[PDB]
Amino acid sequence: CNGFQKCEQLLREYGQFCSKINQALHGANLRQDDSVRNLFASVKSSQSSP
Amino acid sequence: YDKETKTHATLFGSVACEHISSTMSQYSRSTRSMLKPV
């Protein structure tokens with residue numbers, strides 16, 4: 001809800017479910033960053049002639 | 001969160017550096033009465 005106190009009160013009852021959704025999305029985003037670093041690391045560590 | 005130092009910073013996503021102001025009052029955050037240029 002957009003700035004509605006009553007929907008926020010309802011959210012407090014369902015807050016645990018909402019927190020779980022954020023944690024799962026945050027974990028997925030961290031995993032995507034980890035995949036980016038490893039792929040670039042394989043490209044790196046090789047001496048390159050200009 | 002920066003747990004080891006315990007210091008914290010607030011980031012606004014894709015917002016012009018000039019627009020946001022310290023102690024911003026133009027926008028009101030319902031969730032927090034108090035929230036804590038570069």
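A quick note on method: Cβ atoms are made from the backbone with ideal geometry, for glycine too, and the neighbour counts reach across all protein chains shown. No lab work stands behind these numbers, since they all come straight from the coordinates.
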Exercise. Quick one: in the stretch A:1-15, which of the residues that are of a type in the set (D, E, K, R) and more than 11 Å from chain B (Cβ to nearest Cβ) is farthest from the chain's Cα centre (by Cα)?
Worked result: A:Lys6
Exercise. Of all residues in the stretch B:29-38 being surrounded by fewer than 10 Cβ atoms within 10 Å (Cβ to Cβ) and more than 12 Å from the chain's Cα centre (by Cα), which is nearest to A:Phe4 (Cα to Cα)?
Worked result: B:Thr31
For this session: Could you check, for the stretch A:16-36, whether at least one of its residues is among the basic types (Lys, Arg) and within 14 Å of chain B (Cβ to nearest Cβ)?
Result: no
Problem set entry | Looking only at the stretch B:9-28, and only at residues there that are within 20 Å of A:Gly3 (Cα to Cα) and surrounded by 10 or more Cβ atoms within 10 Å (Cβ to Cβ), the one that is farthest from the chain's Cα centre (by Cα) | B:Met24
